[PDB]
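Notes for the structure review
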Amino acid sequence: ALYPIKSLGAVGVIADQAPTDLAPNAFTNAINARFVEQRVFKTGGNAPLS
Amino acid sequence: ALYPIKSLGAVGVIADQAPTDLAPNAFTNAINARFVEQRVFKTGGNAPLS
Amino acid sequence: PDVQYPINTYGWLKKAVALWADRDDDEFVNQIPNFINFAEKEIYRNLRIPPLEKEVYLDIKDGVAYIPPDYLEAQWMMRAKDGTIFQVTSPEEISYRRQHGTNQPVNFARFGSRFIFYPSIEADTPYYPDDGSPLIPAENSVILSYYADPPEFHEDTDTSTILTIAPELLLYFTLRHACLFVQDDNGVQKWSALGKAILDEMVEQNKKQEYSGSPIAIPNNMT
Amino acid sequence: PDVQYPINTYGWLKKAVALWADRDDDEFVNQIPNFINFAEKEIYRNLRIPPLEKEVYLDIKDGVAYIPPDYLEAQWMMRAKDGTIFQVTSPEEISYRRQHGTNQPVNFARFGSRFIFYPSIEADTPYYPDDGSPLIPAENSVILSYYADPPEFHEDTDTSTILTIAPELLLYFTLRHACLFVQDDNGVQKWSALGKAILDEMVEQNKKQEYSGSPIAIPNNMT
Amino acid sequence: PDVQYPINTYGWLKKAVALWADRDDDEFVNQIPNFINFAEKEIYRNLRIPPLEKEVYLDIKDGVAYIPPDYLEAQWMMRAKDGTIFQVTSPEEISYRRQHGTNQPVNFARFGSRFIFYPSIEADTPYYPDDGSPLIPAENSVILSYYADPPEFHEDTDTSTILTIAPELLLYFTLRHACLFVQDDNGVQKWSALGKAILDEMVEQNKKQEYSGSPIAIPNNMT
Amino acid sequence: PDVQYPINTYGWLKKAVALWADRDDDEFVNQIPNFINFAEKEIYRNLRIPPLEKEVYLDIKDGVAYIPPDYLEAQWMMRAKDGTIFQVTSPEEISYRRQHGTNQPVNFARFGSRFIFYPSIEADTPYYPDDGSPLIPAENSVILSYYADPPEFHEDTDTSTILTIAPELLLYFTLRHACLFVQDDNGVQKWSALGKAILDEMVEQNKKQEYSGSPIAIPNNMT
Amino acid sequence: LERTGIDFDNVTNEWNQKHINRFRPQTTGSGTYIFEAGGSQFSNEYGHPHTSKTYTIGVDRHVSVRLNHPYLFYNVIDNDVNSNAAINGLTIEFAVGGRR
Amino acid sequence: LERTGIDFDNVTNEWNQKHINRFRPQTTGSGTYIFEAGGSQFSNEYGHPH
């Protein structure tokens with residue numbers, strides 16, 4: 001038995017839906033996270049500038 | 001068990017995607033390589049001219 | 001983790017196990033020791049061979065001669081004097097021997113935690129062993145040959161002959177309980193079969209070692 | 001990796017396993033010595049062949065002897081002169097002969113880690129060095145033949161008679177446990193079935209050997 | 001690659017093998033020799049026939065007459081004088097013969113690497129064979145007929161009768177280990193079955209060759 | 001390719017195989033001689049039929065004879081005059097007759113690559129050429145009949161009795177190994193089952209032949 | 001990163017227990033991820049974490065988690081500074097238990 | 001030409017070992033190609049040629 005969660009970057013955070021009825025790649029929670037094309041990686045951070 | 005990689009010329013180099021989630025004919029790396037229709041062959045080289 | 005070519009012992013074995021089950025997480029490791037305590041026990045419960053055997057003297061004193069804690073099973077038993085072997089019987093017979101006092105074939109039996117011998121033998125030991133006396137092996141008294149419960153590991157650099165000789169055994173047999181903690185049963189079957197097939201080799205080694213030299217089936221003594 | 005054709009040393013075998021088990025990674029190569037140790041201990045646990053046999057002189061003090069630490073299984077033992085093959089009996093039988101015995105055959109038994117002899121034999125070790133060109137045997141000595149456990153490799157260029165004779169034997173048996181680390185279950189049976197096939201191939205080479213000269217009956221009658 | 005109609009030997013065979021497994025890459029070829037060293041061994045371990053047999057004289061000298069390295073199994077053994085056949089027995093009997101000196105039925109046995117003969121025979125050979133002497137076949141001494149370990153190939157133009165007679169055998173049997181290096185097991189089964197079915201033909205050839213001429217079951221000699 | 005109807009030579013058979021195994025390529029045709037060599041060696045290893053038999057005169061020097069290199073299996077041998085069929089015995093039996101023997105039947109045995117005879121027979125080869133119109137047999141000679149290995153083809157227009165009698169026999173058997181080179185596994189069984197069917201067809205033609213004239217009992221009584 | 005209440009309804013029914021053994025991601029680049037796991041016996045609550053691990057690309061290919069709640073959740077945390085790692089997808093190795 | 005990390009996920013699961021024996025191309029024309037092969041135990045690294 002396997003649960004392959006592929007294409008993590010298809011869609012991001014969702015609400016107004018049961019957490020049990022979300023699609024496998026309908027993965028939902030993100031803070032400082034960037035979703036593009038088919039991949040998930042950390043968003044660019046904040047640094048000062050002068 | 002077989003992994004028939006057919007139609008090599010369907011699509012070329014891709015990025016921003018996991019190398020494990022690429023399609024079999026989503027083959028990705030090319031230097032001096034030409035992709036047309038359904039076939040793969042070497043691109044024309046460089047020669048001088050005067 | 002990593003290991004050395006020979007796995008001398010616990011300090012490395014408890015890691016090699018994590019290894020052979022590649023996914024070594026903490027919820028799992030910290031029970032490694034438990035798996036091991038399980039496996040060694042599942043073994044010793046029925047394994048019998050020399051290397052764990054023991055010589056020991058006894059103190060019969062009224063034939064109440066008591067059984068040592070470490071005891072599991074006896075192979076033979078005798079005197080250091082003239083090499084007289086005892087043999088074993090039931091209460092229901094030794095009691096008769098008593099009600100019919102007249103003793104050369106010495107018998108003995110197992111009354112709870114006690115050993116009985118028909119004749120009121122008096123082998124001896126010193127009081128508690130502060131010792132200060134080899135005493136010609138405690139007056140060359142009876143001596144016992146029995147298999148003893150080995151010590152449960154309690155230390156990384158702790159060791160046992162088994163690892164000097166046959167560690168893969170422990171490895172597989174504990175992987176067994178390790179692959180039971182978390183449900184991967186096919187691996188279980190494989191580990192277990194291999195443990196058993198490793199094991200029986202040992203007992204067969206011992207069997208082929210025992211009774212070597214082509215003895216006759218039994219020298220029939222008349223006397 | 002690359003290996004030579006005449007595989008004869010532990011060093012080349014360690015890389016040959018990583019070649020047949022074609023994967024080469026730190027999680028696998030570092031444990032290969034453990035797999036070889038597992039394979040050899042399984043094989044030597046029950047295998048008995050002449051090349052691993054050994055001659056030894058005993059040190060019988062008074063009808064007793066201490067078993068060598070490397071002893072696994074005992075075969076024929078005899079006197080250095082006039083022959084007189086010894087035979088094995090039970091402790092309950094040799095003890096009977098002692099009390100009633102106050103040209104004769106010789107019987108022996110095992111007391112844990114000790115040998116015993118009824119006639120109270122006294123044998124001595126060879127007189128040993130000095131100038132040390134010969135090793136002069138001493139009179140009233142005995143010679144014993146037994147199967148001894150071959151030493152573990154624990155070294156790259158170290159070699160063993162098994163590699164010289166059947167290098168594929170350990171190679172397949174170590175692939176068994178290698179296919180146990182990563183559950184190549186189909187691989188487990190194929191290496192094992194081949195492994196036992198090579199392992200069982202040893203024995204009929206041997207039983208067809210000890211009785212090869214002229215298979216007859218038993219020309220031993222008492223007269 | 002390519003080959004000649006007959007495959008005389010190694011120099012061609014090690015290529016023909018690559019051929020019969022069409023995909024001949026280097027990771028694979030360079031182990032060809034190893035596969036072969038495996039197969040010939042898997043064979044000789046139990047194959048027995050004339051062409052590898054040997055005549056040889058011995059030097060009994062006190063009946064310590066030693067076993068040649070090359071030895072595997074003995075078929076018969078005798079003298080060049082008056083054609084007297086020996087027969088074989090155990091120590092446990094020859095020793096009796098000693099303790100009962102009075103010898104025509106000569107017996108012998110296998111003490112480790114040594115051959116014993118009951119009577120203190122004295123067949124002889126020269127010292128190390130710088131030779132310079134046929135010596136009427138070393139004084140027409142005993143002569144031995146035994147199967148010997150053939151040499152492992154070590155050269156392309158090296159050869160063996162087998163290839164003159166039955167090479168396809170080696171081919172299939174090494175393809176076996178070749179189809180084990182890389183996982184194509186159906187081919188394995190096929191190779192192996194064919195090897196065995198080729199082989200048994202040979203032993204049956206030999207059996208039907210042995211005891212030809214309709215001998216009686218046993219000429220019963222009275223004497 | 002094209003082949004004739006009366007397939008009788010090795011040259012046409014080599015192309016006939018490439019026709020039934022319809023593929024024709026350098027990777028296959030160049031190895032066809034090896035496949036035929038494999039097929040013939042498998043067939044001749046156990047097949048025994050009269051057309052491959054041979055007569056031969058021996059050169060008995062003193063109760064001894066050297067086995068011909070082409071010898072495979074021995075059948076009846078007799079004297080050139082008066083008959084006297086010889087019978088085979090064991091070395092342990094003929095040696096008994098020599099020591100106790102100091103009209104009689106004749107017994108013989110095999111010593112590796114040599115024949116032996118108890119009565120110390122002396123036989124000679126024919127007197128041979130000169131003008132060489134006849135080959136005059138010599139008195140006191142013996143005649144031997146044995147199965148000999150037919151020579152390998154090693155030539156295109158070369159032919160053998162097997163091609164004349166059962167050309168399909170080698171054709172199917174060489175397709176076995178041809179279907180082994182390329183794993184036409186279904187083809188392997190069909191050629192083999194037909195191959196053994198033709199091969200087994202040989203024997204009942206022969207056993208129904210040697211006892212064909214008038215099947216009776218045994219009219220041989222000693223008187 | 002977080003997703004609450006994975007019921008695995010596309011392979012098995014909701015209420016059964018599912019022995020969780022391994023998560024097998026397909027990561028990209030270099031970095032050090034932190035993986036958490038947990039679950040709840042009922043579909044509504046946010047479950048209690050059971051274990052946590054650090055994932056290093058090039059040394060570890062996947063992680064081990066032991067769970068059998070029917071509603072599993074996992075947390076992915078990346079707090080490392082010099083990490084530019086990325087994840088293409090996961091592969092949950094799991095089994096089937098029972099229900100009441 | 002190159003493609004990194006073929007997991008064969010369309011026939012079998014990702015993590016299992018896959019005994020590779022042959023690559024069977026369908027080429028066109030005349031030429032001399034050079035084929036290389038390799039792999040890694042983890043999905044992220046670029047493997048070592050074999």
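So, a few notes on the structure that sits alongside this text.

Definitions and cut-offs
- Residues numbered from 1 in each chain as written, not as in the entry; some residues may be left out.
- Chains lettered and ligands numbered in written order.
- Part of a larger assembly, values for the part shown.
- Heavy atoms only, no water.
- Helix = DSSP H or I, 4+ residues; strand = E, 2+ residues; numbered from the N terminus.
- Rg over C-alpha atoms; globule rule 2.2 N^0.38 Å.
- Buried < 20%, exposed > 50% of the residue type's maximum accessible area, 1.4 Å probe, protein only.
- Areas by Shrake-Rupley, 256 points an atom, 1.4 Å probe, with all protein chains shown as cover.
- Axes fitted to C-alpha atoms, helices over the stretch in contact; angles between N-to-C directions.
- Parallel < 35°, antiparallel > 145°, perpendicular 65-115°, else oblique.
- Left-handed = near helix turned anticlockwise from the far one by under 90°.
- Contact = heavy atoms within 4.5 Å.
- Polar contact = N/O pair within 3.5 Å; in protein donor to acceptor, adjacent residues only side chain to side chain.
- Pairing = 2+ DSSP bridges.
- 1 Å grid on protein atoms, 1.4 Å probe; cavity = no way out; pocket = protein on both sides within 12 Å on 5 of 7 lines; lining within 4 Å.
- Points joined across faces, edges and corners; volume = space filled by probe spheres on them.
- Nonpolar A, V, L, I, M, F, W, Y, C, P; charged D, E, K, R; others polar.
- Buried area = accessible area lost by both parts, 1.4 Å probe.
- Salt bridge = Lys/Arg side-chain N within 4 Å of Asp/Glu carboxyl O.
- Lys, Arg positive; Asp, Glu negative; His and termini not counted.

**What about the overall build of chain A?**
A count of helices and strands for chain A gives zero helices and three strands. Of the regular secondary structure in chain A, the N- to C-terminal order runs β-β-β. Taking 10 Å as the expected radius of gyration for a compact globule of 50 residues, we find that chain A reaches 14 Å, considerably beyond that expectation. When the backbone C-alpha atoms are referred to their principal axes, chain A occupies close to 55 × 25 × 15 Å. Split into buried and exposed, the 50 residues of chain A put 26% on the buried side. For chain A, the accessible area works out to roughly 3200 Å², and carbon and sulfur atoms hold 52% of it.

**Things to note about the packing of helix α3 (residues 32-44) of chain C against helix α7 (residues 167-181) of chain C**
All names here are of chain C. It is at 8 Å that the axes of α3 and α7 come closest, and there the two elements cross at 120°. One way to sum up the angle between α3 and α7 is to call them oblique. The crossing of α3 and α7 is right-handed. Here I32, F35, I36, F38, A39, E42 and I43 of α3 lie close against α7, whose contacting residues are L169, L170, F173, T174, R176, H177, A178 and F181.

**Focus: the side chain of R39 of chain A**
Along the chain, the position of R39 of chain A falls in strand β3 (residues 39-42). Here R39 of chain A falls in the buried class, since its relative accessible area comes to 11%. A distance of 2.4 Å separates a polar side-chain atom of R39 of chain A from the backbone oxygen of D16 of chain B. Those residues within four positions of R39 of chain A in sequence are excluded, and the remaining contacts are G9 and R34 of chain A, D16 and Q17 of chain B together with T28, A86, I87 and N88 of chain G.

**Here we look at the sheet that holds strand β3 (residues 26-28) of chain G**
Judged by pairing direction, the sheet is antiparallel, and its four strands sit side by side in the order β2(A)-β3(A)-β8(G)-β3(G) without closing on themselves. Looking at the sheet topology across the chains shown, the edges are occupied by β2 (33-36) of chain A together with β3 of chain G. Between one strand axis and the next, the sheet turns through 25° on average, direction left out of account. Sheet analysis places β2 of chain A next to β3 of chain A, joined by four bridges and oriented antiparallel. Along β3 of chain A, the bridge assignment pairs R34 of chain A with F41 of chain A.

**So, empty space enclosed by the protein**
Within this model, the largest cavity holds a volume of roughly 110 Å³. Of all elements in the fold, only α7 (185-210) of chain D together with β2 (71-79) and β4 (107-111) of chain E reach the threshold of two or more residues within the lining of the largest cavity. For the lining of the largest cavity, the leading source of residues is β4 of chain E, giving three residues. Partitioning the lining of the largest cavity into residue classes produces seven nonpolar, three polar and two charged.

**Some remarks on the interface of chain C and chain D**
Facing 51 residues of chain C, the contacting portion of chain D comprises 49 residues. Put simply, chain C and chain D have 24 residue pairs in polar contact between them. When residues of the side of chain C that touches chain D are traced back to their parent elements, those giving at least two are α1 (10-20), β1 (53-57), β2 (71-79), β6 (142-148), α6 (161-165), α7 and α8 (185-209) of chain C. No other element matches α8 of chain C, which puts twelve residues into the side of chain C that touches chain D.

**Topic: the arrangement of the chains**
For the non-touching pair chain A and chain C, the nearest C-alpha separation works out to 11 Å. Of all C-alpha pairs spanning chain F and chain H, none lies closer than 15 Å, and the two are not in contact.

**Quick notes on unusual backbone geometry**
In the Ramachandran plot, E37 of chain A falls in the positive-phi region, its phi being about 50° despite a non-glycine side chain. Summarising the element assignment, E37 of chain A is placed in the loop between β2 and β3. Phi at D62 of chain C takes a positive value of approximately 75°, unusual for a residue other than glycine. By the element assignment, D62 of chain C lies in the loop between β1 and β2. Judged by its relative accessible area of 61%, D62 of chain C falls in the exposed class.

**Quick look at the environment of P19 of chain A**
The residue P19 of chain A is located in the loop between β1 (2-3) and β2 in this model. Judged by relative accessible area, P19 of chain A falls into the partly exposed class, the value being 29%. Sequence-wise, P19 of chain A and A47 of chain A are 28 residues apart; in three dimensions their C-alpha atoms are separated by 35 Å. The contacts of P19 of chain A, once residues within four sequence positions are left out, are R3, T4 and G5 of chain G.

**Description of the interface of chain B and chain H**
Listed by partner, the interface residues are 15 residues for chain B and 14 residues for chain H. Between chain B and chain H lies a buried interface of about 1300 Å² when both sides are counted; carbon and sulfur atoms form 52% of it. Looking at the side of chain B facing chain H, the largest losses of area belong to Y3, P19 and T20 of chain B, adding up to 45% of the total buried there. At the junction of chain B with chain H, the criterion picks out zero salt bridges. Across the contact surface, chain B and chain H share six residue pairs in polar contact. Among the elements of the structure, β1 (33-36) and β2 (39-42) of chain B are those that each provide at least two residues to the side of chain B that touches chain H. Top contributing element to the side of chain B that touches chain H by residue count: β2 of chain B, with three residues. Split by residue class, the side of chain B that touches chain H holds eleven nonpolar, three polar and one charged.

**Some remarks on the sheet that holds strand β4 (residues 32-40) of chain G**
Residue and element names in this part refer to chain G. Here four strands make up an open sheet; going across it, the order is β1-β7-β4-β5 and the pairing antiparallel. In this open sheet, the two strands that pair with only one neighbour each are β1 (2-6) and β5 (48-56). Neighbour-to-neighbour, the strand axes of the sheet open up by a mean angle of 15°, direction not taken into account.

**Describing the side chain of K18 of chain G**
Residue and element names in this part refer to chain G. One can find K18 in the loop between β1 and β2 (20-23). Here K18 is buried and forms no salt bridge, its nearest opposite-charge partner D7 lying at an N-O distance of 6.7 Å. Reaching out from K18, the side chain makes a polar contact with the backbone oxygen of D7 at a distance of 3.0 Å. Separated by 3.3 Å, the side chains of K18 and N16 make a polar contact. The residues touching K18, leaving out its near neighbours within four places in the chain, are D7, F8, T12, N13, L67, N68, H69, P70, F94, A95, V96 and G97.

Read these as geometric descriptors, not functional statements.
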